[PDB]
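Quick notes on the structure that follows.
A short reminder: the numbers here are calculations on the coordinates, not readings from a lab. When we count neighbours, we look across all protein chains shown, and the Cβ atoms used for this are built from the backbone with ideal geometry, even at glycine.
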Amino acid sequence: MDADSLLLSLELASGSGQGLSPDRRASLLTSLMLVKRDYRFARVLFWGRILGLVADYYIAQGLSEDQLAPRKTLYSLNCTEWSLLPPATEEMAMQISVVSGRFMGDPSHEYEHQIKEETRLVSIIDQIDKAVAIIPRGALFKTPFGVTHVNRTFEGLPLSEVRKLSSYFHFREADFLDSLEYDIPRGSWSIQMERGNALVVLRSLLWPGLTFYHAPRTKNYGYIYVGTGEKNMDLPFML
Amino acid sequence: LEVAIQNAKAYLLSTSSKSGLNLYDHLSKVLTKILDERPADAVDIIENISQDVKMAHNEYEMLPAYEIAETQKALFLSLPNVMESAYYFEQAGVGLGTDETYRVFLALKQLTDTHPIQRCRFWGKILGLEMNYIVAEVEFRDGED
Amino acid sequence: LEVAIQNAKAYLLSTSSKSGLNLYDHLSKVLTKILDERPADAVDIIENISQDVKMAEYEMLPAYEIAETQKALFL
Amino acid sequence: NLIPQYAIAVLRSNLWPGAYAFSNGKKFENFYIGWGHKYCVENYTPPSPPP
Amino acid sequence: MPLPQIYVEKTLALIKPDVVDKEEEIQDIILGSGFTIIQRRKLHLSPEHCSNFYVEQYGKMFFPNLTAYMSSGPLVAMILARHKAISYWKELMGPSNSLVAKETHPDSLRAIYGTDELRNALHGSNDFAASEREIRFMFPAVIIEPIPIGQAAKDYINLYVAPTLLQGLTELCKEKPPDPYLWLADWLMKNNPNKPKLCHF
Amino acid sequence: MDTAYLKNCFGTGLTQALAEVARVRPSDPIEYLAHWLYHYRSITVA
Amino acid sequence: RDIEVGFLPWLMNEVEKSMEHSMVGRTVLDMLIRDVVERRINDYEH
Amino acid sequence: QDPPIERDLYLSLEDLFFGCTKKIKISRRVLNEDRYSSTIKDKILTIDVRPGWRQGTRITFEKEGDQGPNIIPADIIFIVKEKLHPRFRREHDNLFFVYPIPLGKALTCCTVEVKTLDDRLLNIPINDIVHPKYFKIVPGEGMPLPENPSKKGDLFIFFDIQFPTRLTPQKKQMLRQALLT
Amino acid sequence: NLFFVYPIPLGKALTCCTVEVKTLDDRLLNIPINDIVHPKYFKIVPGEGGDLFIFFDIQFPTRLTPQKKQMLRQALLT
């Protein structure tokens, strides 16, 4: 989510209820203005929160002119000091699979299953971004220059094709992206609406904690993940 | 008529800040590729013709928002509880909401940390023509600055 | 040349049976929607205006239904 | 945490995600919002069939 | 020039580094008068870039203080289109030597936003060929009318490009590599008459 | 002959490259010619 | 020797024809602009 | 044939980052056809620096002047040396950043404020332990390749640990419990 | 000139203690450390070998605890 949705306090109104504080709302507004200042990102989004044991993780992501570029994600604990996370490889992705346990805090923490805490944070961030990141239909326009830009004449999603599920894409490399109907397993998205037809709520079930708001008549969209930091493989037992 | 013609052409020669191309030259290349090879369905191929045309020390400017983000960094680095008062503000349809009154409360915290103030409560706001006024009552301990 | 002007005008004036409109009136309506005072970044949206001019209640009634249920909360 | 003189202590259960309890401490309130599930450090092992 | 074509002339408006912080008010003046903004570039004029931009004046007149002045801050360059753009830009802009222009033309831009000769308020192109040279040097690949149709462009290629193209296509025939776009591009970036040889390490 | 080889090799691509060389006149037209040859490669291959 | 008689004058003739086509496309676009502006002036004021 | 001159010329790190045009004066030892002046008509030669060149690329002005009985002189105007930048010192497709640190602050979740050549304030944390022989990998930023301006290099952050010298023995007595245990 | 490198740990580095730089000739001695060691620093010991020189190599720990860390912060950053 952008800072504009941080102004409207739309995380609580999505209904997930883990939410954000005016502490962290003002802190993300000023500090993401700083993140847009120091690093020359086209757009800076508050990615979300990773639930901790001694300290709370606050994650934001920056994007270049190409909208499908590898993002330079950032982390902060006291919500002012943003620091650049390293990019993730597959070697660090299969490294953290032997560690099963809650996200603790204090990023120099070491796992005996050594394995650093920051590597776990970065690999978990790439896993969530590759799995359950969400872009609606017509939000991104594939330019013939080879880059992806924000479609600025994006009319919001009509009420007929909100519930298909074939009108939501992924915010990564692949109407030129892969839809939600091919997600494994099927039915792994909590399809919901708010009061009236004013906002569409999508909650990921492969990762419990991401919420996607979408106003069907305006250009308002974005994903925030506030939650456990774990991929539940218990999801086929739930459905 | 000629002034409006040149104004419309200057509208069409204006360069976008995203792609770096002009609309007049793009439509000229589209019409040139249309007049080169002519299919029967001229209207319906305007997608692919316009898409195929698109295949073929600049400083950065500081916002004023950069300057106010510089000034509001120090807010996040003997008062009364402003926050319950701000919750009671909103039931009357009154006040700054949450974010602007919390920046007010942080400026109050910086003022109380700067000066030896016994009681530093939010007096209120005075609306202005170009800039606002944020007013705080201050009671000094020793009576000095 | 003026003969090339007349030949290209006759080429643009040729209609299509699959749409019922020619390229000249389509580009004229596109330029009509362009020449109102839009900000000068219409290069990316010159396609989307062409789909907008080429294109030119029951799905909303659930909001009416929850608004029916919601009005008894304060009455 | 920025202004700690008027802070409220926010409890946060890790056994039940989304479970909280609150100070000032003169009075208190309890609130839960989540999926109604108990957190396990491992995956959900199914209950074994009877012998 | 003829009846079914039109001539939308262009000129360059330069915003000097003393007045770049006051850019919104003078932008209101130039937009309200009738001049249109084609594209605005915020460019830091290098001392080694100002001389190639000013071969017309600095190449024959000794004035290094203005060359140091253009590198003292940011420079905003814009393209203008208007009916009689050169004449109206000279009328609104006024003559130079802003100490005298504060007394002769008090409603001009240099009378308000200017201080002296070298610390000028603005800079504008005088002739159409000078405007074309200024626009072609500062700005990216934009098209400036007239398009030189007929024998004008053929002579330009035949005395600027096609000798090098003939020497490239002579060596491209013997031998014949597959996908000859690689060989032509490497020959043009290698055997460049206007660019020196490059040897990376 | 080599004339038929240069006929079948580039043709309209080199014609369009020299057309924008004659239309847009940079400081070095050779570098712009090679850059548009690379861009025409990237167009006709992808 | 062969290029000066063969591929190069044909390349210049094709470049001149392509610039003629680009010029005629630019002026029919300008004619469309003139028709649109004249129709808007005659219709919006009446 | 006379050997050509090899002038060592210094370019800054930000100039090699951005690729700015340079104006260089040359020698005036070429005889004209009029046999009255030794000044060449091309006083300054127009160049173009590509972003991210190597330390020592050879740029050759082949057949410059073309004067002499059997000598065709050439000018090697570029022996690419680099100025002593106060922050970064480069390597092949790489930049190492040497940044001073205190021993009580080196051991932390560190704050490395890296002001790059693009005037970007990079904030890179250190959460591994800090050896004297320790470096980190910050991919995606550096000087770009001479073949690819768009894709960048790598940053390595090196550390100079300054041990304190004025510890009174109470902190030594409890530093016996602060490192040994 | 004869010299050797001793890998002293960081725990015995910042604290005053005794180190054992045994010579290769006559089995002596337990010379204590007085000043705080630097990475680029040496002592001087009289003898013949051409005098003996000692270089100190610092070995850093790998794993630490948050309370261990905070009381190290009270040790070093104060």
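Could you tell me which chymotrypsin sites (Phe, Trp or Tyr not before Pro) in the stretch E:24-122 are loop residues by DSSP with no more than 10 other beta carbons within 10 angstrom of their beta carbon?
Passing sites in the stretch E:24-122 are E:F62.
Measuring from centroid to centroid over Cα atoms, what is the spacing of chain C and the stretch A:1-30 in Å?
Comparing the Cα centres of chain C and the stretch A:1-30, I get a distance of 36 Å.
Report the relative contact order of chain D, percent, no decimals, based on alpha-carbon pairs under 8 angstrom and at least 6 residues apart.
Relative contact order comes out at 26 percent.
Can you find, among A:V99, A:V122, A:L210, the residue sitting farthest towards the positive end of the charge dipole of chain A, where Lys and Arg contribute +1 and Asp and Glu -1 at Cβ?
Among A:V99, A:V122, A:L210, the one farthest towards the positive end of the dipole of chain A is A:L210.
Could you pull out every residue, at least 5 positions away or on a different chain, whose amide H is within less than 5 Å of the one on H:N123? Hs are placed 1.01 Å off N in the peptide plane, and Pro or chain starts have none.
Distant-sequence amide H within range of H:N123: A:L84, H:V114.
With both bridge residues required to lie in chain I, what share of the DSSP beta bridges run antiparallel, to the nearest 5%? Present the calculation step by step, with values, prior to reporting the outcome.
Working: 5 of 12 bridges.
Bridges in chain I are about 40 percent antiparallel.
Ranking E:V76, A:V226 by Cβ neighbours within 10 Å, fewest first, what do you get?
Numbers: E:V76 20, A:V226 23.
Going from least to most buried by this count: E:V76, A:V226.
Would you mind checking which residues have amide H under 5 Å from E:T11's amide H? H placed 1.01 Å from N; only 5 or more apart, or other chain.
E:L80
For A:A42, what residues show an amide H to amide H distance below 5 Å, using hydrogens built from the backbone and excluding near sequence neighbours?
The answer is A:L63, A:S64, A:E65.
What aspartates and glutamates sit close enough to H:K25 to cross-link, taking a C-alpha to C-alpha distance under 18 Å and skipping anything fewer than 8 places away on the same chain?
Answer for H:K25, where 18 Å is the Cα cut-off: E:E48, H:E6, H:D8, H:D42, H:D48, H:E62, H:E64, H:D75, listed by chain and number.
Tell me the trypsin sites (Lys or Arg not before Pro) within the stretch H:137-166 that lie in a loop according to DSSP and have at most 16 other beta-carbon atoms within 10 Å.
Taking the stretch H:137-166 and a limit of 16 other Cβ atoms within 10 Å, the loop trypsin sites (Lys or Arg not before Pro) found are H:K151, H:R166.
May I ask what percent, to the nearest 5, of DSSP beta bridges between residues of the protein assembly as shown are antiparallel? Present the calculation step by step, with values, prior to reporting the outcome.
Working: 90 of 115 bridges.
Roughly 80 percent of the beta bridges in the protein assembly as shown run antiparallel, per DSSP.
Calculate I(q)/I(0) for the protein assembly as shown by the Debye formula, one identical point scatterer on each C-alpha and no solvent, and give its log10 at q = 0.05 Å⁻¹ to two decimals.
Calculated log10 I(q)/I(0) at the listed q: -0.46.
Could you work out the per residue convex hull volume over the alpha carbons of the stretch H:69-181, in cubic angstrom?
Value for the stretch H:69-181: 169 Å³ per residue.
Per DSSP helix of 4 or more residues, -39500 (n - 2.57); summed, then divided by the residues of the protein assembly as shown. What does that give at 222 nm, rounded to the nearest 500?
Estimated from H runs of four or more residues: -10000 deg cm²/dmol.
Is there a quick way to get the dipole size of chain C? I mean about its Cα centre, with the Cβ of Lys and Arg at +1 and of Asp and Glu at -1; what is the value in debye to the nearest 20? Provide the component values of the computation, followed by the final result.
Values: 7 positive and 12 negative charges, 69 e Å.
Dipole size: approximately 340 debye.
What is the sum of charges, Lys and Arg at +1 and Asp and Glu at -1, for the other residues whose Cβ falls under 12 Å from the Cβ of G:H46?
Value of the local net charge: 0.
Using a basic spin-label model with each label point 7 Å from the Cα along Cα→Cβ, how many nm lie between E:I147 and B:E130?
5.0
With charges set only on the Cβ (+1 for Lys and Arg, -1 for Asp and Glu), what does the dipole of chain G come to about its Cα centre, in debye to the nearest 20?
With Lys and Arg at +1 and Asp and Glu at -1, about 60 debye.
How high is the relative contact order of chain E? Use alpha-carbon pairs under 8 Å, at least six apart in sequence, and give a whole percent.
For chain E, the relative contact order is 24 percent.
Jot down the per residue volume, in cubic angstrom and as a whole number, of the convex hull over the alpha-carbon atoms of the stretch A:127-183.
Spelled out: Cα convex hull of the stretch A:127-183, divided by residues, is 87 Å³.
Counting only C-alpha contacts under 8 Å and six or more residues apart, can you give the relative contact order of chain H as a whole percent?
Normalised by residue count, the contact order of chain H is 21 percent.
Got a sec? Charge dipole of the stretch I:9-51, +1 on Cβ for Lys and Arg, -1 for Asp and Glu; which of I:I44, I:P9, I:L29 is way out at the positive end?
Of the options given, the answer is I:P9.
Picking from E:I86, E:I144, E:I29, which is most flexible by a Gaussian network model of chain E using Cα springs under 10 Å?
Among E:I86, E:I144, E:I29, the largest GNM mean-square fluctuation belongs to E:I29.
Using alpha-carbon positions, what is the distance between the centroids of the stretch B:112-143 and the stretch H:64-90, in Å?
65
Where in chain G are there trypsin sites (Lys or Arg not before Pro) that are in a DSSP coil and have at most 14 other Cβ atoms within 10 angstrom of their Cβ?
Details: sites: G:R1, G:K17, G:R26, G:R34, G:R39, G:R40; in loops: G:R1.
Passing sites in chain G are G:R1.
Pick from H:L117, H:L11, H:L103 the residue whose mean-square fluctuation is largest in a GNM of chain H, springs joining Cα atoms under 10 Å.
Maximum among the listed residues: H:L103.
Out of H:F163, H:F18, H:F135, any idea which swings most in a Gaussian network model of chain H, alpha carbons joined below 10 Å?
H:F163
Set the Förster distance to 25 Å, then compute FRET efficiency between A:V147 and H:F158 from the Cβ-Cβ distance, nearest 0.05.
Taking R0 as 25 Å, the efficiency between A:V147 and H:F158 is 0.10.
Given that compact globular proteins tend to follow 2.2 N^0.38 Å, what is the ratio of the alpha-carbon Rg of the stretch E:1-138 to that value?
So the stretch E:1-138 has a normalised radius of gyration of 1.05.
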